[PDB]
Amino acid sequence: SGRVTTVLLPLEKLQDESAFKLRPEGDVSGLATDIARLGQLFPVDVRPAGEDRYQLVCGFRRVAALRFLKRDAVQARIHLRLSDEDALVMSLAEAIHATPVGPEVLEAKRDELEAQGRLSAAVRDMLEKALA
């Protein structure tokens, strides 16, 4: 039972518009380096725009990072029967309902990972560049 399906979406099928974008992508070189390194960890959200084409609802920075890497596809969830109003609500939902993990929590986590012997070079790098 599905209205949502996840696919490896060719970027040529994504409409070249940005109605649901909330903010400029900005510099995505750091996000792109992380995606080249680890893969794209979280799929973006799109809806059909007829014509075997799709409109981006969430994920502008991730898509911008994949274009920086000169990739031709993005992992995407396709939402069926997503109205204009419900796509607007979706585009805002992480912004409104996510609780950020503050730097105090990240520092305490780093210290605990160290006490546990779980601080790999790559995780140390990540946490310290975020805590800089």
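The numbering used is simple: start at 1 and walk along the sequence shown.
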Would you determine, from the values in the PDB entry, which of 98-106 and 58-66 has the greater average C-alpha temperature factor? 98-106
Taking the deposited Cα B-factors and averaging over 26-34 and over 82-90, the higher mean is found in 26-34
Quick tally, chain-level thirds of C-alpha B-factors: residue 118 sits in the middle
Sorting the chain's modelled residues by C-alpha B-factor and splitting them into thirds places residue 49 in the highest
